[PDB]
Each structure stands twice: as C-alpha cells, then as structure tokens.
Amino acid sequence: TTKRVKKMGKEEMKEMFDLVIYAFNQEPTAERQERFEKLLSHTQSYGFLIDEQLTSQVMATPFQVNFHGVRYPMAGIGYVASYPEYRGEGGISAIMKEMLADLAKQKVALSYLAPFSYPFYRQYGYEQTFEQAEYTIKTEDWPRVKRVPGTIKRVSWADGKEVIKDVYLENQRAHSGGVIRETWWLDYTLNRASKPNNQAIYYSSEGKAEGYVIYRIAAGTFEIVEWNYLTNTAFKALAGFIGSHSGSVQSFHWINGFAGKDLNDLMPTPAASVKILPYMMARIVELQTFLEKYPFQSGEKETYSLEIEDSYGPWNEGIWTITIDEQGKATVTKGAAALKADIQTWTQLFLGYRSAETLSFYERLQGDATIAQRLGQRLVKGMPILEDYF
Amino acid sequence: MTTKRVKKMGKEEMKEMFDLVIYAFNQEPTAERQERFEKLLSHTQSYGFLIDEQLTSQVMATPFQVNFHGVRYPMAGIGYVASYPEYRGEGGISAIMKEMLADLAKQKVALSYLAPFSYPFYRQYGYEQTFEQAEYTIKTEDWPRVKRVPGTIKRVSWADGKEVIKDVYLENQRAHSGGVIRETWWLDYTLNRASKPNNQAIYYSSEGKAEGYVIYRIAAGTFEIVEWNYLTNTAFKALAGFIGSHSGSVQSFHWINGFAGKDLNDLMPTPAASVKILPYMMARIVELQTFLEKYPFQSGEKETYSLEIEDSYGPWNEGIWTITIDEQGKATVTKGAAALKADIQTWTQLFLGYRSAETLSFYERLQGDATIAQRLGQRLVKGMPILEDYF
Amino acid sequence: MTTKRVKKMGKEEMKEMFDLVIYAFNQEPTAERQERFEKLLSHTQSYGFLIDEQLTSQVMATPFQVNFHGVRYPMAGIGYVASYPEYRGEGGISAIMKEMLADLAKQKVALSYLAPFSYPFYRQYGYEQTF
C-alpha cells in the first residue's frame, strides 16, 4: 500500500546496515559496523519505505572537490542497495528524484558515483567522466633506480597521517576534480585493521616531506595502494624503496587515476602491462552554481547560448545565456550562437573528459562546430582525476 | 688484419641481404616472401657492414613522407636490422647507424621511426619511444546494437577499393599527427598480401561520397578489425553496425590502433571493451635545423629560446641553438650562442607532442627554468603523435 | 655525517631484530612465531648494522656440527639475512660478513652453509653452491 521516500537518521542505522550487508554481501563484523556508523554520521541517507519497511536506499556523502583551483561542493553517491523481493516498485528512481532535487536545493554543484551498471545511472543524468590505469609488472622487470638525496622513514598511521594529507592536497593530480580530503575520511579509507597498509614518507635533504607510498604485500603481489610525489627526486627515492621489496614478491600492482598519459615510458624498458578501466560517473547537479564559479581560461568577452536536456534535473533544463568576461568569470542567466546537449555531454565537456571538437564530431554536442571550438578554448585543459572510492 | 666497412647496398647484393634477413628473423624462404623482399628493396636504401667483403650486419631505411599537423616531413623508416651471430662485438650495427644517420642528415631527412625488439638497444643511437597503441577486445554479446543510418556500404575487392581506401585514410584527422603519407605501392605491400588475406567494405554517404572503410578478417573465432577509419559520425555508426552484423559468427572482436590519449570504450553505453595500452614505435629527429625551420608552432608573439642538445650519434645536432619563433608559425634556427638543456631523445618527445614541457621538466629530462619550459610548451603542437603503419 | 657500525647483538636487541625479520620476510608476528625466534636467538650469534643508531641490517649464525664422512666439523649456518628497505648500498651486509667471517675463523669454525636469495650476492664473500 503506502510508498514514500524518507530521509534517514542514525535512528534507522540497524535497518540500513542490514540492507547494505545483504546487498553488498559483506560479513557484519564489529569493525565493519563501526565504520558504517562513522560513515552514517557524515552522510545523508535517503530510504524508500513500502508499508513502513525500508526496501531501498541511496547515500549521499558530502565532499569538497578541487577543480583546477576552485572548491566545489560534491555529493559522493554510494551504497545504492535494495532487497530482491521488491523488484519493479520504482524505489531507486523515486529516491534519485527527491535526492537530486534536495542536493540542488542545497546548491551542490557536482555528484560522483561508481556504477555497477553504466546505463542504470545514465538514466538519472550521470555519465562516465573518470578512468583508471591498472599497472602490473613482474618483479624481475621493476627497474633499478640509483640512490638519491633525502631520506625515507617507514611510519605509523598515527605519526604519518598529517604529512600524507598535506602532500596529497599539494600534489597537482589532486587538482582536477579530486577530493579535498578530510582527516576523518582519510582514516576511514586508509586506516583499516581488517586490511592494514604500511606507509613510508620521503623527506628532502633540506627536511621537507616531498612524497609518500602506502603499500601492502598480499598473495605474492606488492600492492602500491597509493603513491604521491611532489618532486622528481621523491619519485626516484620511493621507486627504489618499492623496488627493494622485489625479492619477497612475484609482481607489483598499482591502480591510479588515468589522465591520458601512462608512466610505462619513464622506464628504460616499458615492461608494465597497462589497462584502462572505466571509473566513476559524474553529473552537474546545480548547473548555475557550477558555471558561476567555473575557472574559464582568460580571453575576450564571449557570450554563448546553451540548451540543456535533464529529465531528473528540471531546474537545469531550458536555454541559458552565459557571458564569459576577459578573466575566468562567467555570468549565467536563464532565458535566451546556440549549442545543444544533454546533461551527460555538458558534464563531460565542462569537467574536461572529452573535448568540444570530439563531442561535436560524434554529434552529442549539436550546433556550429566553430562555436563549439571557441567555447572549447575557454574550458579547463586536461582530464579530470579521481583517486578516491565510495 | 680484416677490412671492415659500411657499404650502401643495391639490387646486386639482394641475395646476401635476403639470406641474412631469413636467418635473423627466422622466416622460411617462400618465393612469395622473396618477391616481397625485392619489392621493398627497390624502395629502400640498405646499408651493410662488410667484414672482408662478407655482409655481416645490415640496416634498411625506407624513405617515407609524414604528415605532421599540416607539414610534410621526409622520414626514414628503419627496418630489417639484422646481424649474423658469429660477428657479435665486431661493432657492425653501431658502425652502420653512425654512417647512415650522417648520410640521412646530408639528405636533410627530418625524422626517423623504428619498431624496436628492445628499447634500450635503440635508445643508445638517439631514438626514444614516442608512439603507443590501444588494443581493444570485446566479447560478441557486448558489441552494441547500432540503429541503421543513411548511406550505403559495399564490400569491395582490393583492386576496386584501394584508391578510395587511400583517399579516406589521407583525409582522416588521425593521419595528421606524424602518420605516413601512404603511397599506392606501400598500401598494396602492407594491406594486399596473398598469405594474410583481408575483406574490405567502404561506406558511401547518402549523396555518394566515400566517408569510411573497414579492412577486416575472421580467424579462430575473433573478428579482427585490421583498420577502421571514418570521416563522419554517420560513417562511424554505419560501419559499427556492419561490424556488429557478424557477431553471430564470432566469439570476440579485436582492434589494435594508434593511441592518442583517449580510448573509445566510452562511445558505448556499456564500456565493456578490455583496453590495453601497448608501447609502440621509437623516433628521433635526424637533422634538427630542417626539422625546426619547418615546425608548425602556434602563432603568438615573437620569442627566442636558446636550446642545448646532447646527441652522441647526431653530432651535427649538438651544441647551443638559438630559436626565434615569430608571430606566425615560423622559426629561424641558428647555431652557437642555454635556457633549456636536453638529450635528442627528450627533444624528440617534446616536439612531436609525446609528453608535455611540464611533464619532461618535472621528471628533470628537460632542464632549465620551469617557466621558460612552460612558455615553449605553449608554442608546441597539441596532442600525441599517431602512427598506424608497421615496418 | 651519518654514523655506521657493525654491532654484535643479544637478548636486549630481541624485538628490534624480530621487527626487522617480520618485515623482511613478510610473516605475521604471532606469539608462537615470536617464541620460536626467542628460542633461535638464544642459540645463535647475531650481528647488526646500525646507521644513526637504528638497526638497518642483520645476519644470524647458528652453531651446528656436521658429519662429513665420519669427521665432526663445526659449521656456521647463516640465516635471517634481512635489511630494511630505506637503506641500500650503505654496505651493511658486506660490513657484517667481514667481521663475522673473521670472528668465525677465530673460533676455528671449518664450514658455513646458507640458503641464498641470490647466488652472485653471497659468492662475493666466498660462498659457492654445493647442495
């Protein structure tokens, strides 16, 4: 009988943890329960009740993203779950409808998620905007690196977590739509007794932290869990530190954000096997907030007319005038050189995942290709990079 | 003791060259394969190393032209590098490389490409990886359904299709970042071989213009896309639905093409292709001055850079060059003044667009002020180079 | 600048050594594993290399007797040769192997055996494959 979408608090914790344990098939240990309580305390959960029974659920975690120097509010969507006996009741679609409306009411500008199925979330406005590079190299193929100035210390999480956070945020890879990571979020993702990592930090000869590796050895593989460096001599120092484990390992493995150029050619022999994995999908949530802050390249005052289609974001739908002044600043205005595209294509275009020239060729960005080209020269250059999972 | 010498080889040495190439690459001497060797030899300059007048090592340089962002450069494609095992350490390949690079520089060859069995082995002569390949493998059930679109597709014989396949290839954007300006004999040499036969189909638009082709074969349950080029989105969808029609007779589809920084997997509703990035050919600038005087720099304001080049096997490229890039593309290039310093490997990656000024500056291969490196990077060509030919 | 020295080790150095052996050989540090290492340590001569007074490398020699065609020979069985990965070419195992082979000859040991990770590596200190 009665169906309704409900905002969930920590009074509904046990209903939601039982849905997430079922949907994701995870053993409900005391550690996994307190990580879920920690995440619940930072997230907005939306539930779908049929006759007051929670049958589906979507969580929206609030993040800040660094997009080429601009702070954007970002909703990280995760734990999409529903019980199997409620097929066809329209639960996710009802949650997504209120949730997106809610996040717009809050002026959230962007939203990311890791899809079990791409078409399933593309129906709600999302589109692939992120890719990952998977490197695998045999232990005999890890290259020999000469020793270099500076020092590396292996480090407790307690003692290394604050230096690891600052090195990460200062890194230029963290500046293309990456998460601006909070202390709580870093502890939640990288400090798990169920699956423990080691950590080592590079310090310059002058004493400054210029890099770090987080790593584990499991099942004969050296897992490079994360590897960040701010200078070339931090890169070479840590590459030799990793390489030193080669005797206890049959291969090295690393998955990180792909932005169009892989690292295989930095070796004398390009011996890494390299795969490109589809990664998260994204969508512009509140389009006016997104374009008002957007860091356009500086140039001549230009004005554009954009038509948006967005069936789950009606507040984005219709024709906009955007005038981009000689600096990075745009004024955005509803009402009306027309260009036309769905919220999926505009999101790939503005986050920099595909170029206006390409999106014009494959006819997803409709309009005079020469006008698509002038707009493309005002946009951010280079693909967006995401090195966080949720 | 023994007479050692590098000789420029000709038709009269063909049999001694063929015997050495049959040994070094372990191929059986089919009369068909000697025919193909004679055809290549007549289009190539071979340099041999003779010890007491016996041919012991060889390198071949096939003269190609290359379309680099609108600019046509003479390129020497290097292949059939072969030495007999008894003459290890006698210095033959190195002796050939030194005389041959010098001769190719006399001819004002701008660029040289090769496919290496070993990257370190060719790096010592100034070559560096500057090309990559994307390998796609998709299961037959995962090939997407594509609605029928306007225009027609005809399956064609090689004789009826070769000159249209050449025009659509040369017209296609992906042929404009360092790719071979393919001559008719080279297209026949690579894409019409008795021993590895292909099918071909051309897409004509609704007004009759050839706007795409696929060259393909089916072997051991895999549909092999040997080559697929398209000038319009409607050509791309028509040919994609044509490759898709064979899905009921095949267990997977497989495609290796040149990689330029972005794979095609997202052009499907389900990005179900397995995508692997493969190391591909190496390249070097041969005659630096010819190369930079023709280079299509971005327009902007006049700037001058002094550049220092290390280049052991290209000593005519070495030293400090002053380069002044005017408000249009044009550079004037002078020797003997540096803000930026690199070895010819890094300058080749930089100027062909393989890596950025920023990246090569960060990893300390391009040395000098990072801000000067930044500004020279702004005058350079955009996007990675693409090669879709093998030799 | 950096201080470096070979030091003979003992019971007081136990956990510094156990933590190096757990890291280098990637084993879980259970109570059983620690008791057995405490047992082996009490029958072994152990050498360490300190750099700025931190243990960085380590070699153990267990005194065995060997039956060689009727003759008893004292043999030093070398094992748990371990280095932390922050240090490389600080000369640590080479400095240890020099002091330790000299100490073993002073004690009149006739033979040493070890399970090599690299044959070229221990062949530089005189060892050869014999088994």
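For the numbers below, each heavy atom of this structure counts, side chains included, while hydrogens, waters and symmetry mates do not. Chain letters run A, B, ... following the sequence lines, proteins first and then strands; every chain starts at 1.
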Does CD belonging to B/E327 count more than 12 external heavy atoms closer than 6.0 Å?
yes
Separation between CG of B/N233 and OG1 of A/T358, rounded to the nearest 0.5 Å:
11.5 Å
Quick check: under 4.5 Å, non-hydrogen atoms only, which of residues 121-151 of chain A neighbour chain B?
A/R122, A/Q128, A/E131
Under the side chain to side chain contact (heavy atoms under 4.5 Å, CB included) test, which residues partner B/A235, sequence neighbours left out?
B/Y203, B/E211, B/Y230, B/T232
Tell me, for A/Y353 versus chain B, whether the close heavy atoms (under 4.5 Å) come from the side chain, the backbone, both or neither.
both
Using non-hydrogen atoms only, which part of B/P120 is less than 4.5 Å away from chain A: side chain, backbone, both, or neither?
both
One option among A/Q348, A/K261, A/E363 has the most heavy-atom pairs under 4.5 Å with chain B, and it is A/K261
Contact between B/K276 and A/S273 at the side-chain level, heavy atoms closer than 4.5 Å - yes or no?
yes
Using heavy atoms and a sub-4.5 Å threshold, report which of residues 263-270 of chain A line up against chain B, by residue number.
A/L263, A/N264, A/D265, A/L266, A/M267, A/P268, A/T269, A/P270
Can I get a per-line list of side-chain donor-acceptor pairs under 3.5 Å for residues 380-387 of chain A, giving both atom names and the distance, sequence neighbours left out?
residue: A/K381; atom: NZ; partner: A/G376; partner atom: O; Å: 3.0
residue: A/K381; atom: NZ; partner: A/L379; partner atom: O; Å: 2.8
residue: A/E387; atom: OE2; partner: A/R173; partner atom: NH2; Å: 2.9
residue: A/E387; atom: OE2; partner: A/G257; partner atom: N; Å: 2.8

Does a sphere of radius 6.0 Å around OH in B/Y390 hold more than 12 heavy atoms from other residues, nucleotides or ligands, not counting ones at 6.0 Å or beyond?
no
Proximal component of A/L359, with respect to chain B [non-hydrogen, under 4.5 Å]:
neither
Separation between CD of A/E357 and CD of B/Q173, rounded to the nearest 0.5 Å
9.5 Å
Under the criterion side-chain contact (heavy atoms from CB on, under 4.5 Å), I'd like the reasoning laid out for A/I276 against B/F259: C-alpha separation, chi angles, the key distance, then a yes or no.
CA-CA 12 Å; A/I276 304 166; B/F259 182 58; 4.1 Å; yes
So, the part of A/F235 with a heavy atom under 4.5 Å from chain B: the answer is side chain
